[PDB]
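Residue numbers (the deposited numbering), protein chains in the order written: chain B, 88 to 128, 140 to 214, 228 to 259; chain C, 45 to 128, 140 to 214, 228 to 276, 295 to 776; chain A, 45 to 128, 140 to 214, 228 to 276, 295 to 776.
Every residue gets a Cβ at the ideal spot worked out from N, C-alpha and C, and that includes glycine.
One structure is given below, encoded as structure tokens.
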Amino acid sequence: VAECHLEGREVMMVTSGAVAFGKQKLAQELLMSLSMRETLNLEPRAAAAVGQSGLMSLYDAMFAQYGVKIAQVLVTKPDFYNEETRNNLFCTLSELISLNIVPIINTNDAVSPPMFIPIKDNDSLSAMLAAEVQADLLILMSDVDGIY
Amino acid sequence: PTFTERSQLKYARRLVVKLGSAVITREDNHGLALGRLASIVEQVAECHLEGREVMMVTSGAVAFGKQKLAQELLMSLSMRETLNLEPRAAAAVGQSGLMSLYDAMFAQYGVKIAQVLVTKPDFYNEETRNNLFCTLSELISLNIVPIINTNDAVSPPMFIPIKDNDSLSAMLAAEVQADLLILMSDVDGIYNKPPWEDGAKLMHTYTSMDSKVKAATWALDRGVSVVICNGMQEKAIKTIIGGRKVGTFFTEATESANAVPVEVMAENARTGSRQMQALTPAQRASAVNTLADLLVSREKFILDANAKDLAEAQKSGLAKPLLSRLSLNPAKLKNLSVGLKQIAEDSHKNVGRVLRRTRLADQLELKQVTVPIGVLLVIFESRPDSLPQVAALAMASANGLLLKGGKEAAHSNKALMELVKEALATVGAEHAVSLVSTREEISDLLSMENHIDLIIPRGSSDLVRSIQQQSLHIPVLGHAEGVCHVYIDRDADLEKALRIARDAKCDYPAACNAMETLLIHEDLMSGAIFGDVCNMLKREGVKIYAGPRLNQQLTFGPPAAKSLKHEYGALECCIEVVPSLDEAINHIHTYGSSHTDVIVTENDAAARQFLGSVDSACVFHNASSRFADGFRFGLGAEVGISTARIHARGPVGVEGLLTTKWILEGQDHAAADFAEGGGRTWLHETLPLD
Amino acid sequence: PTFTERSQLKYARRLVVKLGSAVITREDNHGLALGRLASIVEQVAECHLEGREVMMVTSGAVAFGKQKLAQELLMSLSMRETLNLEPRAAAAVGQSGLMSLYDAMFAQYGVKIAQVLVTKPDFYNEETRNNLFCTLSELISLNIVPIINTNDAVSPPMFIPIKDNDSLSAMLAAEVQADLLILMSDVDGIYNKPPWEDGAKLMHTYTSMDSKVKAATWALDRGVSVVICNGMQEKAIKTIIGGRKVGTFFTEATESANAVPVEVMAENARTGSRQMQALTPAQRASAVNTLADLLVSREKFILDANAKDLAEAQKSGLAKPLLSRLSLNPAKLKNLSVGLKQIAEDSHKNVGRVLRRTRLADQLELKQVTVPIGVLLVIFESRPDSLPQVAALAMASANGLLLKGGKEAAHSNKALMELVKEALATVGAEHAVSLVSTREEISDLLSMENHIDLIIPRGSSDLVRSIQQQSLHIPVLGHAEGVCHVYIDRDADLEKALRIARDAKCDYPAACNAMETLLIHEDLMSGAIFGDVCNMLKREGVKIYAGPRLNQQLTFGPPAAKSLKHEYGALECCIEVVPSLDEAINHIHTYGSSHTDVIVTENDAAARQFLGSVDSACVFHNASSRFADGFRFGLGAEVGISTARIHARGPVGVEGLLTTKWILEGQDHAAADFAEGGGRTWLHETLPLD
């Protein structure tokens, strides 16, 4: 992405997987808080918060290794019904992209996970976004080889 | 509110820290203030590696974002344009960068963080509010510092009603039911009037920026106790929780603690002075007389007052002097009754005595007369005896008096206070005397100006030095070191010098004016006197040190002396020996604190030159250093001893508590009238004062 | 050394900062002190984003490594062992972690860093040394902050000779030929004796820890100028380069600047006092007399001294008062010659006057006599006239005197100083008078204790307030605000009150005792007086404000007043009007600074009660507030005006410059002798002093 953005294009990442990272960190900081006796014999929201913070820090370091700068924009389900809010969000995204800054969008899992076009994950959000910003190409880097 | 006093904060279990947008970013807007951020993060990391539960509410993402956007915009113009910031985008950039910085700074301490971003609508859906608080609790209970901030990126709430990152802090710290809420703004606290005026005093306690005050009040009514400090002050959090006085403390105590706190009692007594000033002829003489019979008529009340107070203090057993000089007996009162009955008659013309009478022109006769000082402040130990004794001067000097001792002998103090305020209520129409003990935060009273006039430490040399190290911006009295000295001349009879050193040291070594050194002519070492003195010492068991010109002089000798300017207070006294009187002169001026010196000699030429040349507070001749008591001077009941060189030399009697004032009674005279155009000649005829 | 004065540091081009291992790590050894590290890195980043060239020499990799190794060792024991550090490895770990932290903190400012690790042998191969310095220069010239440290990992040099991270700093900063070298240790600077003693004074300048001193000396001889400060002090670098006095400055100036610097001149004059104390009978009277003819015999030298000095100052044109009251004329000297010739005769018995004569027992006759204060310090503006005038009191008060004005009128000051020190050299055998002007760092002299006694600001109300805001730990004299007041009673004749307000204000509005308010009875507003006063004002063009009870009272009226406690100093004077004399009383006590007040009235009952109740420094009756001059009091040449309530009330004449002392001439008396066992009775017979 850094080299496809140091070439003139305008990338805009939509990261998922804050919850998994948070679950790892919470497992560690829980196992490291039992009494010595118990050793001898994970709500999604908290994990989401921890994972989001740690992941943004990692992204920031990795990108600043290339001179690029990033910024995180956290949206929710209701923020796509207030038309004034939707327009403000897209004006913000455009103003950011036009300054050679890679935004990073993710659903505000910390206080209102949308899991509980209808936005239901970090995929429908990607489709809606890339349709509104009127991007050219939309890449879905899943874990499967494609479609069978 | 579970906390009321600023000393109960060491037990604060759940904190909530807020960082105003003026603490984070610098002024010239060229980056962060890593100094203040790292100081605050170090303080939080160590207040969280100690068991507490902190939860920061950071503001100032917008300022940081504006900086970053200014840079990344200026770095995107065409080279030609060079040669001649919506809040949302800046908020996003700043939030990301700031979280990264926090994460690095905290991970430098093993701690972990997590960011929770809330909005305005997320505080109306009760299910959402409950989920948020369950999340916050589950996070705090895992030893993870959350960091809350409004989601400025997509819905800044700027456009209890949450309107900023302050009302949010209040609402949060009220819902999590934290103990302490710290608002680290950029101002020093809270003033009564804006800082650019007169009267811009700092309120160290808010008794029950307008946004901060509003939120602080709302949050106080839910049990939370808030403290507002200056973020740009070093070691802010660790000294607030440390208990020391910093910033403004919001609390409720006013009805709980007392209604006689500090200030009016100064002005009340001050006005009482103005009143008591009108009680000169035999009136204040009666004021001590009405207290005379009172003390002889209320033994039972004051004895039991001290008895149970002596009783509850004896079990403590702090140290000898308090445990020895805190009791009370009707015997002492008879000693107290006889003194003030003499202080009754002697003070007939303290105030209102004429000093100068000079006529400048016809019907132009100025003069200069005595006036009381006003609101004193005498500071003493747990000794209920001096309190009604030195007050006998106050009611003899028509001047307002305050008092402060300690927690010990309290019950006797309150009783003795109702004794005297009564007498003033009997005659005086007003109590210009107010005991305000019980941790008045001695500096607090000391920091006051134009209310009190003079400080007089009474307790002991330990208490007086605490003042000298603390006292500032206010006149001070009272001895600090009683490093007396003696001298023996090469023609001085020994047996006198023996009993003198005997009397000077073996009378009351606890006194300030007790001698703590002694000198002799060097030629006298061959006069067998050295043994005779050390003989007298062992007769009383006096630990003797020695000085350089003595150490080399004697072979076996006594042990060495640490520093000639040292003091003992017990049966110890160095001995130095020097040939030259001039060296002896230089010795005192270089080591002696000019407190009290003496000579003993049989050559008057040395006497006359010794006395006149030395500059002690008082010199003597064939006498002890145990006369600095004022009473023995035939002067009267002093109130202390002066080391300074202004207004007071040694025994501060009654005159040391007065002050002068000029009046002038003209008829039609003016200043330019004195010029040759006006028929005004300057007579300056000093007429005899009546 | 290209720099000598601590104000020449703003132009330091190449710095070298060193960070002792006690600045980086905390005390309890539980992580870094991110507070101090981030403060130092912020200061360096902003002193390097300003054009300078910094180059840090960090120490303390070993301590950080020891912490990390303790952790990673305690976290590697078997669970059973839990239930009941070679320098090299710690150095490696600490170096890596510390470089990472530095890199993050600096990249927060856009700056870039690079680490250069040297050893002991790398300073002997001359080709290696030259390559190293070429590398350092090539790095610095690219706006990159290098960070040098000894390669502790594989060859710690602990086991000019490089022996630590200090000698390395000296060698480096000498080879790169830097300008300033900062050693940020953990101590406050350099003391003469170790801090746990008496005499542990901080040397603010080292005139040409033992390792630091050794390296600092060696580095000073190569042009480098070193400064040693306390790393644990906030904003250390930015205030050193800022020029302010912090830490110890190593320099060479002593022979360059002067040989009469500060301290001895105090004690020299102090000893001169001891000498001049022996010049009472017509001697110090001659001392002013030998200066009397001197001033009438050296006009040419002093006129040209001031003439060219007036001349070189006129082109500057700072402001009116200096530009107006700096010139000198033989006319002024004739005015100067007549004053001190009167000061000659009047001071015949200032020192040595008996105050008390009381006999306690047979051949036991104490007394109390006058004594000079000692080493004064009077602070004044560019006014060569007062200097030989107030000094005429010093030589009349047998007390040591210092002086400090400014750079203006300097040549006249030095000349006037050689005038007087001569007179003392003629009679006095010693000059107990020393002018030490030219930026004595007023606080420096003020910070001194037991050398000087009293401060007397002379310049103007601006100068005196600078003292009051600065002055501490030392007695102070001198007025601060001359907020005078007047009052008119409801039975007071108008035309008198007219000329009084006329005279009080239109004589010299620049005076401190010039009235800056005026009150009238409310009933008198219907007596046509209000116009008559404002009529008189416009006759002189006096800008009039008004107060609350006046503002509402009049409809058209004059403009409003900012604050009743304000002062003008020019032709401006508020007017308030109040019915109650008691309110008028309360008005002064609440607003007036008790400096100088007056009444004008035809009802004596009001007069008697007004005067006695008010507590100004001096009150009057049918007269102006323009009498506070001492000379007009028929008292003598005063030296100022006292706002305080101790030792001095209004015009400090000659008595205000003396002090008392007790002597006692016994024969064989002792303290315990007074007890009933010894035949000693207390007579206390006050005998008439001769």
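*When Cβ atoms are compared, which residues of the stretch 739 to 750 of chain C fall closer than 7 Å to chain A?*
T745, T746, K747, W748, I749, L750
*The beta strand (DSSP E) with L450 (chain C) in it runs from where to where?*
The count along the second sequence starts at 1 and reaches residue 450 (chain C) at position 364. Its beta strand (DSSP E) spans residues 450 to 458.
*By DSSP, does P737 (chain A) sit in helix, in strand, or in coil?*
Position 651 of the third sequence, counting from 1, holds the residue named residue 737 (chain A). In this structure, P737 (chain A) counts as strand in the three-state DSSP scheme.
*Closest to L650 (chain C) by CA distance: which of C:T603, C:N621, C:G627, C:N672 is it?*
Position 564 of the second sequence, counted from the start, is the residue given in the question as residue 650 (chain C). When only C-alpha atoms are compared, the closest one is C:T603.
*Just reading off the alpha helix (DSSP H) that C91 (chain B) is part of, what are its end residues?*
Position 4 of the first sequence, counting from 1, holds the residue named residue 91 (chain B). Where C91 (chain B) is concerned, the enclosing alpha helix (DSSP H) stretches over 89 to 92.
*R635 (chain A) and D609 (chain A) closer than 7 Å at C-beta*: Taking the third sequence and counting its residues from 1, the one referred to as residue 635 (chain A) is at position 549. Taking the third sequence and counting its residues from 1, the one referred to as residue 609 (chain A) is at position 523. Taking 7 Å as the Cβ cut-off, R635 (chain A) and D609 (chain A) do not qualify as a contacting pair.
*asked:* For a contact defined as C-beta to C-beta under 9 Å, what are the partners of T183 (chain C) on chain B?
replied: Indexing the second sequence from 1 puts residue 183 (chain C) at position 128. Result: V209, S210.
*Taking the Cβ atom as the reference point for each residue, do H607 (chain A) and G678 (chain A) lie within a distance shorter than 7 Å?*
Indexing the third sequence from 1 puts residue 607 (chain A) at position 521. Indexing the third sequence from 1 puts residue 678 (chain A) at position 592. Against a cut-off of 7 Å, the Cβ pair of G678 (chain A) and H607 (chain A) comes out as no contact.
*asked:* I'd like to know if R694 (chain A) contacts chain C, where contact means its C-beta is closer than 7 Å to some C-beta of that chain.
replied: For the purposes of this step, residue 694 (chain A) is taken as residue 608 along the third sequence, with counting starting at 1. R694 (chain A) does not count as touching chain C.
*Given that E116 (chain C) touches chain B, what residues does it touch there, using C-beta distances under 9 Å?*
By 1-based counting over the second sequence, the position of residue 116 (chain C) is 72. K167, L197, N198, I199, listed in chain order.
*Hey, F47 (chain A) and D247 (chain A) are a contact pair by Cβ (cut 8 Å); roughly how many whole angstroms apart?*
By one-based count along the third sequence, residue 47 (chain A) stands at place 3. By one-based count along the third sequence, residue 247 (chain A) stands at place 179. The pair is a contact, with the Cβ atoms about 7 Å apart (cut-off 8 Å).
_Assuming contact is defined by CB atoms lying nearer than 7 Å, are residue 135 (chain B) and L236 (chain B) in contact in what I supplied?_
No coordinates exist for residue 135 (chain B); the numbering of chain B passes from 128 to 140 with nothing in between.
*Given a limit of 8 Å on CB to CB distance, which residues of the stretch 519 to 543 of chain C reach chain B?*
none
*List the endpoints of the continuous beta strand (DSSP E) containing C315 (chain C).*
As a working note, residue 315 (chain C) is residue 229 in the second sequence. Taken as a continuous stretch (DSSP letters only), the beta strand (DSSP E) holding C315 (chain C) covers 311 to 316.
*Does the beta-carbon distance from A208 (chain C) to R143 (chain C) come in below 7 Å?*
Along the second sequence, read from residue 1 onward, the residue named residue 208 (chain C) stands at position 153. Along the second sequence, read from residue 1 onward, the residue named residue 143 (chain C) stands at position 88. Their beta carbons are under 7 Å apart, which means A208 (chain C) touches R143 (chain C) by this criterion.
*asked:* For the structure I just gave you, are there three or more beta carbon pairs, one from the stretch 374 to 393 of chain C and one from the stretch 500 to 519 of chain C, closer than 8 Å?
replied: yes
*asked:* Here's a check: name, in chain order, each residue in its chain whose Cβ is nearer than 6 Å to the Cβ of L623 (chain C), leaving out the five neighbours to either side.
replied: Start at 1 with the first residue of the second sequence, and residue 623 (chain C) comes out as number 537. Hits under 6 Å: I630.
*asked:* What ranges does the alpha helix (DSSP H) occupy inside the stretch 613 to 686 of chain A, keeping only unbroken runs of at least 4 residues that lie completely in it?
replied: 615 to 626, 634 to 637, 667 to 677
_By the three-class DSSP mapping on this structure, what secondary structure does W304 (chain C) have?_
Taking the second sequence and counting its residues from 1, the one referred to as residue 304 (chain C) is at position 218. Three-state DSSP puts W304 (chain C) in a helix.
*Considering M362 (chain C), what are the terminal residues of the alpha helix (DSSP H) in which it resides?*
Along the second sequence, read from residue 1 onward, the residue named residue 362 (chain C) stands at position 276. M362 (chain C) -> alpha helix (DSSP H) spans 349 to 362.
*Only counting runs of 3 or more residues, tell me where the beta strand (DSSP E) segments fall wholly within the stretch 488 to 558 of chain A, in order along the chain.*
519 to 521, 541 to 543
*Taking C-beta pairs closer than 7 Å, name the residues in chain C that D701 (chain A) reaches, listed in chain order.*
By one-based count along the third sequence, residue 701 (chain A) stands at place 615. Neighbours of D701 (chain A) on chain C, chain order: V457.
*Cutoff 8 Å; reference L153 (chain B); Cβ partners in own chain excluding five residues on either side*: Numbered from its first residue, the first sequence carries residue 153 (chain B) at position 55. Counting only Cβ-Cβ distances below 8 Å, and skipping sequence neighbours, we find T102, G104, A105, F108.
*Output yes or no for whether 7 Å exceeds the beta carbon distance between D715 (chain A) and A758 (chain C).*
By one-based count along the third sequence, residue 715 (chain A) stands at place 629. By one-based count along the second sequence, residue 758 (chain C) stands at place 672. No, they are not a contact pair.
*Sheet register partners of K747 (chain A) (DSSP bridge)*: By 1-based counting over the third sequence, the position of residue 747 (chain A) is 661. DSSP lists A:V455 as partners of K747 (chain A).
*By the criterion of Cβ-Cβ separation under 7 Å, what are the contact partners of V85 (chain A) in chain C?*
One-based indexing of the third sequence puts residue 85 (chain A) at position 41. Chain C residues near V85 (chain A): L78.
_the stretch 477 to 485 of chain C contacting the stretch 545 to 563 of chain C, beta-carbon criterion three pairs below 8 Å_ = no
*Can you give me, in chain order, the residues of the stretch 250 to 266 of chain C that have a beta carbon less than 9 Å from any beta carbon in chain B?*
none
*Report the residue from B:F214, B:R124, B:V200, B:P212 whose alpha carbon sits nearest the alpha carbon of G95 (chain B).*
By 1-based counting over the first sequence, the position of residue 95 (chain B) is 8. For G95 (chain B), the nearest C-alpha among the options comes from B:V200.
*Just to confirm, are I459 (chain C) and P543 (chain C) a CB contact at a threshold of 7 Å?*
Counted from its first residue, the second sequence places residue 459 (chain C) at position 373. Counted from its first residue, the second sequence places residue 543 (chain C) at position 457. Not in contact: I459 (chain C) and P543 (chain C) (Cβ atoms no closer than 7 Å).
_Which runs of the beta strand (DSSP E) at least 3 residues long sit entirely within the stretch 68 to 125 of chain C? Give them in chain order._
100 to 102
*For the alpha helix (DSSP H) that contains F387 (chain A), what are its first and last residues?*
Here residue 387 (chain A) corresponds to residue number 301 of the third sequence, with the count starting at 1. First-last of the alpha helix (DSSP H) with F387 (chain A): 385 to 400.
*Is the shortest distance between the beta-carbon of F706 (chain A) and the beta-carbons of chain C less than 7 Å?*
For the purposes of this step, residue 706 (chain A) is taken as residue 620 along the third sequence, with counting starting at 1. Cβ-Cβ to chain C under 7 Å: yes for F706 (chain A).
_In this structure, how does DSSP classify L441 (chain A) when only helix, strand and coil are distinguished?_
Working through the third sequence from its first residue, we reach residue 441 (chain A) at position 355. Of the three classes helix, strand and coil, the one that applies to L441 (chain A) here is strand, per DSSP.
*Flag this pair as touching only if the stretch 344 to 362 of chain C and the stretch 537 to 552 of chain C have three or more C-beta atom pairs under 8 Å; answer yes or no.*
yes
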